[PDB]
Amino acid sequence: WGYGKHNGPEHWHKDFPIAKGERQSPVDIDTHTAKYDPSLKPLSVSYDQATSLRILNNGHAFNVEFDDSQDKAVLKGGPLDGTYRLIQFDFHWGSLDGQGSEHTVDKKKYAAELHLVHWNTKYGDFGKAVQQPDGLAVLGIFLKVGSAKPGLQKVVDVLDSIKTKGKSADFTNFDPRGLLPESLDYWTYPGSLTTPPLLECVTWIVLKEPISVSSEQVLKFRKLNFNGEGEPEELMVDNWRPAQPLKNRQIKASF
Ligand SMILES: [Zn+2]
C-alpha cells in the first residue's frame, strides 16, 4: 500500500476492508454543524518529561519515537477517560502548499498535518490498545505557511540523515512542547488510524488553531523519499488520505 495511482487510498479497501467502515478518518470538519458541548473539559498536555529516542523514515512518512515505558509524556482531560501516553508524532504533507492536511475545516486543506499519537495506559501496551475503541488518542495540529517555527527546526535539520526508506537516526532531547499552538481549543470525534490497518480505535482531537511554518521548512519535507536507498527516486509528497464520510457521527467542539 502507498499513495500512488496504483496503490493509493482508493485501493486500500482490497487489503483492509475496514477502509469502508463506519468510523473512518480523516473527515471534513463542518464548523456550522459541529456541536458546542459544555461538558468538555480542557485538554491536559503534560510533556515536560518527554524522552525522544529517534527518527525514522518508514517509507510512508517520518516518525519521532518516544520512550513510553513510564508516564513521561501524557495527555488527559478533554473527552478522554484515563491517561494516554505519547508513543510517536508524524506528519502528512503535500506537493504544494494548497494541500497536505488529512482533516479539513469547511473543506479547507492546510499545508500539512502533525499527529501526536497516544495509547490508553489501561491496556498495557500499544498493541493491545489498537484492539480497543478508546485505545488511542491522536492530537491533530494543522500547519500553515507563514513564518518559521523555531521549535520545528531540529526536525528539519535531521531529514537529510533519513532521506530513504528504512533509515533511522538517534533523536534525543526533542521537546514536543515547541510544536504546540497557543490555544488548545479543539474539535473531537470518534475515528480511526489514517493509514492501514485503519483500525477504528481513535478518539480524534483536532486543534482549531494551526501552527505556521516557513516555506523552506516545509520544502525540506518534500525532499524525502518513499523509496529505499539504491532505487528509482520517488519523492515523499502527498502522503495524506482523503476525507471519509462522517456517517451519523457527530463532531463536538470545546468552544
Ligand atoms: Zn499521522
Side-chain angles (χ1 to χ4, degrees), residues 3 26 28-29 31 34 42-48 50 52 54-57 60-66 73 75 78 86 88-118 138-163 169 171-188 194 204-225 235-241 243 253-255:
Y3 295 89
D28 178 59
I29 298 160
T31 69
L43 273 172
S44 202
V45 178
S46 306
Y47 292 156
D48 49 294
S52 67
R54 52 114 89 155
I55 184 169
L56 82 168
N57 179 330
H60 46 270
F62 69 85
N63 298 178
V64 166
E65 304 155 352
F66 290 80
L75 205 227
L86 172 68
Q88 59 164 95
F89 75 66
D90 62 276
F91 303 77
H92 297 266
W93 67 81
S95 45
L96 299 333
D97 302 344
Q99 66 190 40
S101 82
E102 284 200 306
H103 285 93
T104 55
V105 170
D106 290 331
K107 301 298 208 267
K108 168 174 170 59
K109 306 183 176 24
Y110 290 82
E113 178 173 332
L114 163 59
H115 296 138
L116 298 102
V117 188
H118 308 77
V138 191
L139 262 167
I141 293 159
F142 296 119
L143 281 64
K144 76 176 171 168
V145 185
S147 305
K149 184 58 160 167
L152 180 63
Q153 197 56 47
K154 287 186 52 144
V155 173
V156 158
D157 288 339
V158 78
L159 300 170
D160 275 334
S161 301
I162 68 156
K163 180 172 148 103
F171 201 73
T172 54
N173 297 109
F174 185 76
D175 187 345
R177 277 179 296 178
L179 311 197
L180 301 184
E182 157 177 340
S183 202
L184 294 187
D185 284 331
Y186 71 88
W187 298 287
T188 186
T194 69
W204 279 99
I205 304 163
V206 181
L207 279 48
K208 174 179 80 178
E209 178 179 352
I211 63 162
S212 64
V213 292
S214 79
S215 202
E216 25 279 308
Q217 296 183 299
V218 73
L219 269 183
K220 307 203 185 171
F221 288 25
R222 290 181 192 141
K223 274 161 140 167
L224 258 35
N225 297 172
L235 298 171
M236 182 186 299
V237 286
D238 302 319
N239 50 357
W240 46 273
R241 185 185 193 201
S254 73
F255 51 109

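Side-chain atoms are counted along with the backbone in the values below, which use heavy atoms only and exclude waters and symmetry mates. Throughout, residue positions are numbered sequentially from 1 according to the sequence presented.
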Hey, are the side chains of [X] and [Y] touching, using non-hydrogen atoms and a 4.5 Å cut-off?
X    : Y    : value
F221 : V237 : no
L56  : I162 : no
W93  : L224 : yes
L152 : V213 : yes
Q153 : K220 : yes
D48  : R177 : yes
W204 : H115 : yes
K208 : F255 : yes

State the [atom1]-[atom2] distance between [X] and [Y], to the nearest 0.5 angstrom.
X    : Y    : atom1 : atom2 : answer
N225 : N57  : CG    : CG    : 7.5 Å
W187 : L207 : CH2   : CG    : 9.0 Å
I211 : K144 : CD1   : NZ    : 11.0 Å
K109 : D97  : NZ    : CG    : 14.0 Å
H103 : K108 : NE2   : NZ    : 16.0 Å
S44  : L184 : OG    : CG    : 9.5 Å

If I compare all heavy atoms of [X] with all of [Y], which pair ends up nearest, and what's the gap?
X    : Y    : answer
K154 : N173 : NZ-O, 3.7 Å
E209 : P181 : O-CB, 3.4 Å
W240 : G94  : NE1-CA, 4.1 Å
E102 : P26  : O-CG, 3.1 Å
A169 : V158 : CB-CG2, 4.1 Å
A73  : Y47  : CB-CD2, 3.6 Å

**Prompt:** Where the side chain of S101 meets the backbone of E113, is there a donor-acceptor pair that is under 3.5 Å apart?
**Reply:**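 No.
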**Item:** Whether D238 side chain and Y3 backbone form a donor-acceptor pair below 3.5 Å
**Value:**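 Answer holds: no.
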**Message:** Using side-chain contact (heavy atoms from CB on, under 4.5 Å), reason through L75 and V45 one step at a time and then give a plain yes or no.
**Reply:** CA-CA 5 Å; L75 205 227; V45 178; 4.2 Å; yes
**Request:** May I ask you to decide whether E65 forms a salt bridge with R54, counting only side-chain N to carboxylate O separations under 4.0 Å?
**Result:**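 Answer for the salt bridge query: yes.
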**Request:** Go through the side-chain N and O atoms of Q88 and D90 and say whether any donor and acceptor fall under 3.5 Å apart.
**Result:**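 Judged by distance alone, the side chains do pair up.
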**Request:** Please say which of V64, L114, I141, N63 ends up in a side-chain contact (heavy atoms from CB on, under 4.5 Å) with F91.
**Result:**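 Going through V64, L114, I141, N63 one by one, the side-chain contact (heavy atoms from CB on, under 4.5 Å) with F91 is satisfied by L114 alone.
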**Request:** Could you please spell out the steps behind the side-chain contact (heavy atoms from CB on, under 4.5 Å) verdict for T194 and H92?
**Result:** CA-CA 10 Å; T194 69; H92 297 266; 3.9 Å; yes
**Request:** Assign the ring pair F174 / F89 to parallel, tilted or perpendicular, where the plane angle (0 to 90°) is split at 30° and 60°.
**Result:**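 Correct class here is tilted.
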**Message:** Take a 6.0 Å sphere around CG of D185 and say whether it holds more than 12 heavy atoms from other residues, nucleotides or ligands.
**Reply:**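 Result for CG/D185: enclosed.
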